[PDB]
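Inspection log for the structure reproduced underneath, given as structure tokens.
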Amino acid sequence: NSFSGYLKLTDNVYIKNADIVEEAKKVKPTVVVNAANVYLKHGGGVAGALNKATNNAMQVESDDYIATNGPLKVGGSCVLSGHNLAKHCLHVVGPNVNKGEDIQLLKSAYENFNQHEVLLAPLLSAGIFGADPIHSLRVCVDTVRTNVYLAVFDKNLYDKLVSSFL
Ligand SMILES: O=C(O)[C@@H]1CCC[C@H]1c1ccc2ncsc2c1
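The C-terminal position of the sequence shown is numbered 169 in the deposited numbering, with every residue numbered one higher than the one before it.
Below you can see the structure in the form of structure tokens.
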């Protein structure tokens, strides 16, 4: 495939210090993962950045999805358009520790990735979702069996994740 400059962590997990919006514009992957909430309200974090890069088309599509189907579950997902960034966007809901959600749901959230042969993704439940990113990377490698390319935006976080990976 066309992903370049990634560090191989395992047989199927790769990682790079990159902005997932810029990686998606360059690669045009079949699937880009969004770090969504149950309402698909893409205000901040990686969801806000991806939505802004679509000129708000992601949010307009998402509002129609919620009006028809109701909210997602924590640990769940839905497949929507990738707009100008990818063929599809897999919106995955990891638990948000800052909302008091159970971190135990993180493994269920990563299991959604196994439905897609290859994905470009951020770390679930990290950043403003409040979980320990070292734990999120461990759950990712121990749960996902398909090929995942993780784009870590924060440079200091990337360096910490590499140096502490077992
Ligand atoms: O990799 C990170 O530093 C965090 C961890 C969890 C969400 C990631 C994130 C956040 C915002 C953002 N904006 C553009 S790419 C991008 C990616």
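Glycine included, C-beta positions come from ideal geometry on N, C-alpha and C.
Beta-carbon proximity of residue i to residue j, cut-off 9 Å
i      : j      : result
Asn115 : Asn15  : no
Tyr113 : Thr146 : yes
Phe156 : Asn20  : yes
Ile18  : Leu140 : yes
Other residues of its chain near residue i: CB distance less than 7 Å, five sequence neighbours each side excluded
i      : result
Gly85  : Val35, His91 and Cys92
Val144 : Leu12, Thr13 and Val16
beta-carbon residue i near ligand 1 non-hydrogen atom, thresh 8 Å
i      : result
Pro32  : no
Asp66  : no
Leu123 : no
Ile137 : no
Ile106 : no
Exposure of residue i, with buried meaning 16 or more beta-carbon neighbours within 10 Å
i      : result
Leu127 : buried
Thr13  : exposed
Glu25  : exposed
Neighbourhood of residue i by C-beta, 6 Å cutoff - its chain only, sequence neighbours within 5 removed
i     : result
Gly79 : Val96
Contact the stretch 57-68 vs the stretch 119-138: 3+ CB pairs below 8 Å = no
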